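The structure appears below as structure tokens.
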Amino acid sequence: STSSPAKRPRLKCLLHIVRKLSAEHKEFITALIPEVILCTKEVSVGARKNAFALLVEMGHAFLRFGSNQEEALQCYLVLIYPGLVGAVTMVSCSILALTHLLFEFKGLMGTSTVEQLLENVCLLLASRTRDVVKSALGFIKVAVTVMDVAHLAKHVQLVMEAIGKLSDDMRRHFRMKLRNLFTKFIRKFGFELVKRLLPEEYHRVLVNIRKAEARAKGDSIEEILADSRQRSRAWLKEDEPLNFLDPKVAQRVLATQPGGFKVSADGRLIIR
Amino acid sequence: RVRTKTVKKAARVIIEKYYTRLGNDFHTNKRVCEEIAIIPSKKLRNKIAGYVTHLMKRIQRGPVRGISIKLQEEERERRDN
Amino acid sequence: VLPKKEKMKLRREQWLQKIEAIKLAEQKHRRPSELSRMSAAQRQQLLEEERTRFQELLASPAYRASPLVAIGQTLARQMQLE
RNA sequence: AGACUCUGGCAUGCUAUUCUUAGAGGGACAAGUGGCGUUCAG
């Protein structure tokens with residue numbers, strides 16, 4: 001019985017009871033998992049930030065319950081892995097959660113397992129819903145950033161094949177993420193490989209990207225309300241005759257050079 | 001969020017013609033924004049109100065001599081018409 | 001203005017049209033994907049449902065030995081249905 | 001590594017109207033706080 005704004009403080013309260021939670025509290029955590037995921041795709045950005053920080057601190061909390069950190073994080077992942085199975089919105093939620101978790105505990109998951117998730121995300125690249133494919137593209141970008149190029153190389157072809165047969169409209173909508181992914185792949189690998197295994201139309205974008213990689217190599221009112229050799233020039237002022245021996249002569253020696261709408265019938269201005 | 005040209009040039013001219021009727025807080029800036037300018041776009045009106053609130057919290061910390069001579073000039077222009 | 005012969009043609013044609021006019025008159029006499037749009041009760045129902053589904057799949061013996069393999073097979077079945 | 005256009009969450013308000021409607025009017029603009037900042041842009 002928690003309302004939508006009330007998710008934003010509550011997670012923090014949950015956060016405030018994670019970082020000293022004892023080892024005999026796993027049931028509470030595994031009951032809290034879906035709330036944290038649904039709050040990672042909450043309406044409020046503050047609730048999303050709180051749920052992401054709660055996920056990070058909660059994964060940190062499993063780094064204290066066992067001797068093996070990698071096995072504990074594997075358990076933490078398999079507590080959230082079913083989220084890729086149910087309804088479309090919560091699948092997108094869980095892909096976003098895995099995207100956030102992949103950037104924090106980078107090597108500690110174990111790259112091969114990450115590769116399996118990447119393969120699953122490739123299946124999630126074939127979804128009809130735009131949010132799921134967007135979250136899959138975000139996870140792909142995070143994986144390209146994080147996990148190693150030597151392990152990327154055996155999985156370049158599958159992920160970019162899942163990219164290639166996306167759609168016409170879906171490719172047209174998210175051309176930004178596709179452009180950034182192609183730029184990252186061209187930076188990290190050979191341009192000829194990406195050209196060889198992509199279909200025809202994307203090649204056009206590629207050469208533009210390649211050309212891009214060619215191209216990359218005081219408090220006064222009047223001053224504030226403004227439309228936004230040489231320093232040795234002096235101006236005298238000539239009044240009484242100028243007395244160079246007067247102590248107050250420096251006031252007469254200056255250092256700089258001295259010196260759109262239509263109105264309506266009522267008189268109010270017109271702004272457009 | 002980054003800033004544009006039209007909102008801030010409109011704010012500059014609206015201050016240069018009606019600095020007397022502005023206030024210090026956001027709501028009075030909003031009210032004078034409806035009652036002075038027609039401003040058909042609500043987004044542009046909101047941005048104008050935000051930047052004029054920024055301007056009023058900025059220039060009121062400055063010297064009073066410029067404010068006094070600007071009020072004299074505005075009162076002279078109002079009395080001339 | 002305009003030629004006489006064209007005017008004569010027009011007058012003859014309108015008089016002819018009146019002739020068949022009189023003749024005819026005489027003859028007649030005889031659950032969205034986005035969560036922000038969706039309501040709080042449905043979010044709570046979805047939260048309870050996904051809690052129960054997570055508990056059931058975590059209590060399943062198949063999801064204890066090969067978790068990632070089972071997840072991959074489930075996704076493969078789900079979108080080979082699609 | 002979209003500074004392009006439109007636009008949602010909340011209305012116990014007006015309109016035939018607190019639970020369904022569809023026109024309009026509001027509401028959020030980085031507005032406020034503390035730090036980093038060429039003390040101004042961010």
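Letters A, B, ... go to the chains of the structure tokens in the order shown; residues in each chain start at 1; ligands are counted from 1 in the same order.
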
Review point. Got a sec: who's within 12 Å of residue B:7, counting only C-alpha atoms (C1' of nucleotides), leaving out chain neighbours fewer than 6 positions off, as a PyMOL selection string?
Key: (chain A and resi 271-272) or (chain B and resi 13-14+39+41-52) or (chain D and resi 29)

Check your understanding: Counting only C-alpha atoms, which residues of chain B come no farther than 9 Å from chain A, as a ChimeraX atom specification?
Key -> /B:6,9-10,12-16,35-41,55,58-63,66-67,70

Output of the above residues as a PDB file, in the first residue's frame, restricted to N, CA and C atoms:
```
ATOM      1  N   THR B   6      16.517  34.018 -27.455  1.00  0.00           N
ATOM      2  CA  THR B   6      15.294  34.818 -27.494  1.00  0.00           C
ATOM      3  C   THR B   6      14.709  35.115 -26.115  1.00  0.00           C
ATOM      4  N   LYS B   9      17.086  37.796 -24.468  1.00  0.00           N
ATOM      5  CA  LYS B   9      16.990  39.132 -25.056  1.00  0.00           C
ATOM      6  C   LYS B   9      15.630  39.767 -24.760  1.00  0.00           C
ATOM      7  N   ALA B  10      14.560  38.958 -24.745  1.00  0.00           N
ATOM      8  CA  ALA B  10      13.252  39.463 -24.336  1.00  0.00           C
ATOM      9  C   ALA B  10      13.260  39.899 -22.876  1.00  0.00           C
ATOM     10  N   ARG B  12      15.929  40.990 -21.258  1.00  0.00           N
ATOM     11  CA  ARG B  12      16.726  42.211 -21.190  1.00  0.00           C
ATOM     12  C   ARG B  12      15.914  43.434 -21.604  1.00  0.00           C
ATOM     13  N   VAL B  13      15.157  43.333 -22.701  1.00  0.00           N
ATOM     14  CA  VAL B  13      14.385  44.498 -23.130  1.00  0.00           C
ATOM     15  C   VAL B  13      13.215  44.752 -22.180  1.00  0.00           C
ATOM     16  N   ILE B  14      12.631  43.692 -21.606  1.00  0.00           N
ATOM     17  CA  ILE B  14      11.501  43.904 -20.707  1.00  0.00           C
ATOM     18  C   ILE B  14      11.970  44.537 -19.398  1.00  0.00           C
ATOM     19  N   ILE B  15      13.201  44.242 -18.961  1.00  0.00           N
ATOM     20  CA  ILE B  15      13.760  44.971 -17.824  1.00  0.00           C
ATOM     21  C   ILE B  15      14.059  46.413 -18.207  1.00  0.00           C
ATOM     22  N   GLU B  16      14.657  46.619 -19.387  1.00  0.00           N
ATOM     23  CA  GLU B  16      15.057  47.960 -19.809  1.00  0.00           C
ATOM     24  C   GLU B  16      13.856  48.885 -19.986  1.00  0.00           C
ATOM     25  N   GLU B  35       0.923  40.149 -17.031  1.00  0.00           N
ATOM     26  CA  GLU B  35       0.250  41.439 -17.142  1.00  0.00           C
ATOM     27  C   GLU B  35       1.011  42.458 -17.989  1.00  0.00           C
ATOM     28  N   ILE B  36       2.242  42.168 -18.414  1.00  0.00           N
ATOM     29  CA  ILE B  36       2.981  43.116 -19.244  1.00  0.00           C
ATOM     30  C   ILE B  36       3.084  42.601 -20.675  1.00  0.00           C
ATOM     31  N   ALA B  37       3.511  41.352 -20.837  1.00  0.00           N
ATOM     32  CA  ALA B  37       3.724  40.769 -22.152  1.00  0.00           C
ATOM     33  C   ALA B  37       2.674  39.698 -22.411  1.00  0.00           C
ATOM     34  N   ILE B  38       2.259  39.592 -23.675  1.00  0.00           N
ATOM     35  CA  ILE B  38       1.237  38.615 -24.035  1.00  0.00           C
ATOM     36  C   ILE B  38       1.786  37.192 -23.950  1.00  0.00           C
ATOM     37  N   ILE B  39       3.002  36.970 -24.466  1.00  0.00           N
ATOM     38  CA  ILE B  39       3.830  35.754 -24.419  1.00  0.00           C
ATOM     39  C   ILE B  39       2.993  34.486 -24.622  1.00  0.00           C
ATOM     40  N   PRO B  40       2.569  34.204 -25.862  1.00  0.00           N
ATOM     41  CA  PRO B  40       1.634  33.080 -26.088  1.00  0.00           C
ATOM     42  C   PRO B  40       2.167  31.716 -25.673  1.00  0.00           C
ATOM     43  N   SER B  41       3.474  31.493 -25.778  1.00  0.00           N
ATOM     44  CA  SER B  41       4.042  30.217 -25.361  1.00  0.00           C
ATOM     45  C   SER B  41       4.207  30.178 -23.846  1.00  0.00           C
ATOM     46  N   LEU B  55      17.842  37.499 -12.719  1.00  0.00           N
ATOM     47  CA  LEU B  55      18.290  38.881 -12.868  1.00  0.00           C
ATOM     48  C   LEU B  55      17.984  39.720 -11.636  1.00  0.00           C
ATOM     49  N   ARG B  58      20.261  38.884  -8.978  1.00  0.00           N
ATOM     50  CA  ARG B  58      21.630  39.281  -9.291  1.00  0.00           C
ATOM     51  C   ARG B  58      21.864  40.779  -9.116  1.00  0.00           C
ATOM     52  N   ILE B  59      21.044  41.626  -9.743  1.00  0.00           N
ATOM     53  CA  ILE B  59      21.411  43.038  -9.851  1.00  0.00           C
ATOM     54  C   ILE B  59      21.076  43.801  -8.577  1.00  0.00           C
ATOM     55  N   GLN B  60      20.229  43.243  -7.713  1.00  0.00           N
ATOM     56  CA  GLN B  60      19.906  43.907  -6.457  1.00  0.00           C
ATOM     57  C   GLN B  60      21.051  43.859  -5.454  1.00  0.00           C
ATOM     58  N   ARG B  61      22.079  43.052  -5.708  1.00  0.00           N
ATOM     59  CA  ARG B  61      23.268  43.005  -4.871  1.00  0.00           C
ATOM     60  C   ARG B  61      24.322  44.019  -5.295  1.00  0.00           C
ATOM     61  N   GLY B  62      24.055  44.805  -6.335  1.00  0.00           N
ATOM     62  CA  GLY B  62      25.014  45.748  -6.854  1.00  0.00           C
ATOM     63  C   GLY B  62      24.881  47.134  -6.253  1.00  0.00           C
ATOM     64  N   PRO B  63      25.582  48.106  -6.841  1.00  0.00           N
ATOM     65  CA  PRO B  63      25.499  49.486  -6.346  1.00  0.00           C
ATOM     66  C   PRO B  63      24.113  50.082  -6.549  1.00  0.00           C
ATOM     67  N   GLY B  66      23.435  53.268  -9.684  1.00  0.00           N
ATOM     68  CA  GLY B  66      22.915  52.937 -11.002  1.00  0.00           C
ATOM     69  C   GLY B  66      21.424  52.662 -10.983  1.00  0.00           C
ATOM     70  N   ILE B  67      20.947  52.007  -9.921  1.00  0.00           N
ATOM     71  CA  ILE B  67      19.515  51.764  -9.765  1.00  0.00           C
ATOM     72  C   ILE B  67      18.764  53.082  -9.628  1.00  0.00           C
ATOM     73  N   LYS B  70      18.665  54.884 -12.923  1.00  0.00           N
ATOM     74  CA  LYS B  70      17.772  54.179 -13.837  1.00  0.00           C
ATOM     75  C   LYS B  70      16.310  54.441 -13.494  1.00  0.00           C
TER      76      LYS B  70
END
```

Review point. For chain D against chain B, which residues fall within 10 Å using only C-alpha atoms (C1' of nucleotides), given as a ChimeraX atom specification?
Key: /D:3,28-31,41-42

Exercise for review: Could you find all residues in chain C that DSSP calls alpha helix (DSSP H) from the backbone, and write them as a PyMOL selection string?
Suggested key: chain C and resi 4-29+40-58+67-81

Exercise for review: Return the neighbours of chain A among the residues of chain C, cut-off 12 Å, counting only C-alpha atoms, as a ChimeraX atom specification.
Suggested key: /C:31-60,63-82

Residue selection dump (N, CA and C atoms) as a CSV table (one decimal), in the first residue's frame:
```
chain,number,residue,atom,x,y,z
C,31,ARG,N,-2.9,-2.0,-20.3
C,31,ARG,CA,-1.7,-2.2,-19.6
C,31,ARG,C,-0.5,-1.8,-20.4
C,32,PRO,N,-0.2,-0.5,-20.5
C,32,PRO,CA,0.9,0.1,-21.3
C,32,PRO,C,2.2,-0.4,-20.8
C,33,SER,N,3.2,-0.3,-21.8
C,33,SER,CA,4.6,-0.6,-21.4
C,33,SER,C,5.2,0.4,-20.5
C,34,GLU,N,4.9,1.7,-20.7
C,34,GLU,CA,5.4,2.8,-19.8
C,34,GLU,C,4.6,2.8,-18.5
C,35,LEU,N,5.4,2.7,-17.4
C,35,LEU,CA,4.9,2.7,-16.1
C,35,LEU,C,4.4,4.1,-15.6
C,36,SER,N,4.9,5.2,-16.2
C,36,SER,CA,4.5,6.5,-15.7
C,36,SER,C,3.0,6.9,-16.1
C,37,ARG,N,2.5,6.2,-17.1
C,37,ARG,CA,1.1,6.5,-17.6
C,37,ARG,C,0.0,5.7,-16.8
C,38,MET,N,0.5,4.7,-16.1
C,38,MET,CA,-0.3,3.6,-15.5
C,38,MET,C,-0.6,3.9,-14.1
C,39,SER,N,-1.6,3.3,-13.5
C,39,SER,CA,-2.1,3.7,-12.2
C,39,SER,C,-1.5,2.9,-11.1
C,40,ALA,N,-1.6,3.4,-9.9
C,40,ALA,CA,-0.8,2.8,-8.7
C,40,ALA,C,-1.3,1.5,-8.3
C,41,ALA,N,-2.6,1.2,-8.4
C,41,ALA,CA,-3.2,-0.1,-8.0
C,41,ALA,C,-2.6,-1.2,-9.0
C,42,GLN,N,-2.5,-0.9,-10.2
C,42,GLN,CA,-2.0,-1.9,-11.2
C,42,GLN,C,-0.5,-2.1,-11.0
C,43,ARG,N,0.2,-1.0,-10.6
C,43,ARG,CA,1.6,-1.2,-10.1
C,43,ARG,C,1.7,-2.1,-8.9
C,44,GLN,N,0.8,-2.0,-8.0
C,44,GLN,CA,0.8,-2.8,-6.8
C,44,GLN,C,0.5,-4.3,-7.1
C,45,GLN,N,-0.5,-4.5,-8.0
C,45,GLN,CA,-0.9,-5.8,-8.5
C,45,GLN,C,0.3,-6.5,-9.2
C,46,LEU,N,1.0,-5.7,-10.1
C,46,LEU,CA,2.1,-6.2,-10.8
C,46,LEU,C,3.3,-6.5,-9.8
C,47,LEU,N,3.5,-5.7,-8.8
C,47,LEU,CA,4.5,-5.9,-7.8
C,47,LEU,C,4.2,-7.2,-7.0
C,48,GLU,N,3.0,-7.5,-6.6
C,48,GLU,CA,2.6,-8.7,-5.9
C,48,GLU,C,2.8,-9.9,-6.9
C,49,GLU,N,2.3,-9.8,-8.1
C,49,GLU,CA,2.4,-10.9,-9.1
C,49,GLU,C,3.9,-11.2,-9.4
C,50,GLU,N,4.8,-10.2,-9.5
C,50,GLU,CA,6.2,-10.5,-9.8
C,50,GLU,C,6.9,-11.0,-8.6
C,51,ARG,N,6.5,-10.6,-7.4
C,51,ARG,CA,7.0,-11.2,-6.2
C,51,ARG,C,6.6,-12.7,-6.1
C,52,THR,N,5.4,-13.0,-6.4
C,52,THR,CA,5.0,-14.5,-6.4
C,52,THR,C,5.7,-15.3,-7.4
C,53,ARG,N,5.9,-14.7,-8.6
C,53,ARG,CA,6.5,-15.4,-9.7
C,53,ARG,C,8.0,-15.6,-9.4
C,54,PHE,N,8.7,-14.6,-8.8
C,54,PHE,CA,10.1,-14.7,-8.4
C,54,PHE,C,10.2,-15.8,-7.4
C,55,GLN,N,9.3,-15.8,-6.4
C,55,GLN,CA,9.4,-16.8,-5.3
C,55,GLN,C,9.2,-18.2,-5.9
C,56,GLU,N,8.2,-18.4,-6.8
C,56,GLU,CA,8.0,-19.7,-7.4
C,56,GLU,C,9.1,-20.2,-8.2
C,57,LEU,N,9.8,-19.3,-9.0
C,57,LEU,CA,10.9,-19.8,-9.9
C,57,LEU,C,12.1,-20.0,-9.0
C,58,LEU,N,12.3,-19.2,-8.0
C,58,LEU,CA,13.4,-19.4,-7.0
C,58,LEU,C,13.2,-20.7,-6.2
C,59,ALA,N,12.0,-21.2,-6.0
C,59,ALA,CA,11.7,-22.4,-5.3
C,59,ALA,C,11.7,-23.6,-6.3
C,60,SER,N,11.9,-23.4,-7.6
C,60,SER,CA,11.9,-24.5,-8.6
C,60,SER,C,13.3,-25.2,-8.6
C,63,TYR,N,15.8,-24.3,-11.5
C,63,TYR,CA,16.6,-23.0,-11.3
C,63,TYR,C,17.5,-23.0,-10.1
C,64,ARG,N,18.3,-24.1,-9.9
C,64,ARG,CA,19.2,-24.2,-8.8
C,64,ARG,C,20.6,-24.6,-9.3
C,65,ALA,N,20.6,-25.4,-10.4
C,65,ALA,CA,21.8,-26.0,-10.9
C,65,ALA,C,22.4,-25.2,-12.1
C,66,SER,N,21.6,-24.8,-13.1
C,66,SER,CA,22.0,-24.1,-14.3
C,66,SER,C,21.1,-22.9,-14.4
C,67,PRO,N,21.3,-21.8,-13.7
C,67,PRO,CA,20.4,-20.6,-13.7
C,67,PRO,C,20.5,-19.9,-15.1
C,68,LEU,N,21.7,-19.5,-15.5
C,68,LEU,CA,21.8,-18.8,-16.8
C,68,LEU,C,21.4,-19.6,-18.0
C,69,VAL,N,21.6,-20.9,-18.0
C,69,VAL,CA,21.2,-21.8,-19.0
C,69,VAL,C,19.7,-21.8,-19.1
C,70,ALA,N,19.0,-22.0,-17.9
C,70,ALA,CA,17.6,-22.0,-17.9
C,70,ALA,C,17.0,-20.7,-18.3
C,71,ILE,N,17.6,-19.5,-17.9
C,71,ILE,CA,17.1,-18.2,-18.4
C,71,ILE,C,17.2,-18.1,-19.9
C,72,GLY,N,18.4,-18.5,-20.4
C,72,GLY,CA,18.6,-18.4,-21.9
C,72,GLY,C,17.6,-19.3,-22.6
C,73,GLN,N,17.3,-20.5,-22.1
C,73,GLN,CA,16.4,-21.4,-22.8
C,73,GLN,C,15.0,-20.8,-22.7
C,74,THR,N,14.6,-20.2,-21.6
C,74,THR,CA,13.3,-19.6,-21.4
C,74,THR,C,13.1,-18.4,-22.4
C,75,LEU,N,14.1,-17.6,-22.5
C,75,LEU,CA,14.1,-16.5,-23.4
C,75,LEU,C,14.0,-17.0,-24.9
C,76,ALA,N,14.8,-18.0,-25.2
C,76,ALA,CA,14.7,-18.6,-26.5
C,76,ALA,C,13.4,-19.1,-26.9
C,77,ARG,N,12.7,-19.8,-25.9
C,77,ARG,CA,11.4,-20.3,-26.2
C,77,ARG,C,10.4,-19.2,-26.3
C,78,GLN,N,10.5,-18.2,-25.4
C,78,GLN,CA,9.6,-17.1,-25.4
C,78,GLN,C,9.6,-16.2,-26.7
C,79,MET,N,10.8,-16.1,-27.2
C,79,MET,CA,10.8,-15.3,-28.5
C,79,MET,C,11.0,-16.1,-29.7
C,80,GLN,N,11.0,-17.4,-29.6
C,80,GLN,CA,10.7,-18.2,-30.8
C,80,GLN,C,9.2,-18.4,-30.9
C,81,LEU,N,8.4,-18.2,-29.7
C,81,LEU,CA,7.0,-18.0,-29.8
C,81,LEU,C,6.7,-16.7,-30.6
C,82,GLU,N,7.4,-15.7,-30.3
C,82,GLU,CA,7.3,-14.4,-31.0
C,82,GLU,C,7.7,-14.5,-32.5
```

Review point. What residues in chain D have any atom no more than 10 Å from chain A when counting only C-alpha atoms (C1' of nucleotides), and can you write them as a count of residues only?
Key: 4

Tell me, as a PDB file with N, CA and C atoms, in the first residue's frame, which residues lie within 7 Å of residue A:99, counting only C-alpha atoms (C1' of nucleotides); anything in the same chain fewer than 5 positions away does not count.
```pdb
ATOM      1  N   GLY A 138      21.339   0.073 -24.255  1.00  0.00           N
ATOM      2  CA  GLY A 138      22.110   0.616 -23.146  1.00  0.00           C
ATOM      3  C   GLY A 138      23.011  -0.418 -22.495  1.00  0.00           C
ATOM      4  N   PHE A 139      22.498  -1.640 -22.309  1.00  0.00           N
ATOM      5  CA  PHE A 139      23.318  -2.714 -21.755  1.00  0.00           C
ATOM      6  C   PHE A 139      24.454  -3.084 -22.702  1.00  0.00           C
ATOM      7  N   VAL A 142      27.093  -0.420 -22.363  1.00  0.00           N
ATOM      8  CA  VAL A 142      27.813  -0.583 -21.102  1.00  0.00           C
ATOM      9  C   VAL A 142      28.766  -1.774 -21.177  1.00  0.00           C
TER      10      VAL A 142
END
```

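The spacing separating atom CA of residue A:160 from atom CA of residue A:197 amounts to 8.0 Å.
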
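In this model, the gap between atom CA of residue C:10 and atom CA of residue C:22 comes to 18.4 Å.
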
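Residues in contact range of residue A:50, defined as at most 7 Å between only C-alpha atoms (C1' of nucleotides), with sequence neighbours fewer than 6 positions away removed, read residues 8, 11 and 12 of chain A.
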